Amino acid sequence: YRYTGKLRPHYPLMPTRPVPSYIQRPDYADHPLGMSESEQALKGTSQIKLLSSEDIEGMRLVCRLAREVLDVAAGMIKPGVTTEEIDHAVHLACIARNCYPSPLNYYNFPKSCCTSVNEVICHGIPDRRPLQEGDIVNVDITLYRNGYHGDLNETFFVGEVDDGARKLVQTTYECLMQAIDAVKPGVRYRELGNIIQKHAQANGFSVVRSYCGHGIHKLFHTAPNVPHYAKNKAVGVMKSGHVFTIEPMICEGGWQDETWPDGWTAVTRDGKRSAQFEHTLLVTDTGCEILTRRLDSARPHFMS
């Protein structure tokens, strides 16, 4: 395999971390190939769930808990720490909150969160590599609690980084937030990409096409599919009681992605850097509720 950048996986991975039996497990957690029966039973479907008042409370709880765990990860970001060490604390943080780390054995994903460095677009696998000063790193957290999934991510700076790094991360965060700002009932899910790409384009960056935002509640990934690029044909119109993520990945170079031999790690084909931010959103009447927002601080971790 020809790597696209300087990054390399650092093996071996430590043995798969166990989740105590008292933690309620999603269906794929015990399927040999990590397949989710309930998600497959809605494959190809474009209809979107309308969340009941108990659904909403369940989503509000699990998303708040997911934010707490990402905050834990944020606190460990410094040169010298390995992505495996991050993952360990995260796994322990989920358990403490009586939640299952949603990525664990999700279609055989071997870890409890995704750690994506530099040219990794998303789905990086936590490994033995020490974070290096100058790196950018995204931690993607998804928790499972009482039948509901909560999903968010932030890109972080590792010590001091360069101007391009600062620009890429700030612009990515802006794309998300401008997208979130347009969310309200009656809006077409396909419009979000127009907004994201418009801002990415104006700053000289491209927008990944192979990965999309998604509905999320009783399923990890479900309807609607939410592309981050312009002129997409996403099916659906926003409604009060809809819950989905927006998670634009933006790149320094071109938009083309490819996957490592591990079957998960998505990297820019040109080896240039990529950044991502993610929130889970609930559409209300006056707009939307950012379920994965910080409660105790105004800004994302990278600008504070």
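Residue numbers here begin at 1 and follow the sequence given. If you superpose the two forms and keep the largest set of C-alpha atoms that fall within 1.5 Å, you have the rigid core.
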{"item": "Divergent stretch in 5 other deposited structures of this protein, 38 to 46 or 251 to 259 [C-alpha RMS, superposed by the core]", "value": "38 to 46"}
{"item": "136 to 144 set against 199 to 207, stretch whose average Cα temperature factor tops the other in the entry", "value": "199 to 207"}
{"item": "Of 55 to 63 and 233 to 241, the one with larger mean CA B-factor", "value": "233 to 241"}
{"item": "C-alpha B-factor winner, where the candidates are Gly215, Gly186, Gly150, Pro110", "value": "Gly186"}
{"item": "Residue of maximum C-alpha B factor among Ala165, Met177, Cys94, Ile121, per deposited coordinates", "value": "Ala165"}
{"item": "Record-listed C-alpha B factor of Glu258: chain third", "value": "middle"}
{"item": "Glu160 - Cα temperature factor, lowest/middle/highest third of chain", "value": "highest"}
{"item": "Ranked against its chain, the third holding the CA B-factor of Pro101", "value": "lowest"}
{"item": "Ranked C-alpha temperature factor of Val90 among modelled chain residues, by third", "value": "lowest"}
{"item": "CA B-factor placement of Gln170, once the chain's modelled residues are sorted into thirds", "value": "middle"}
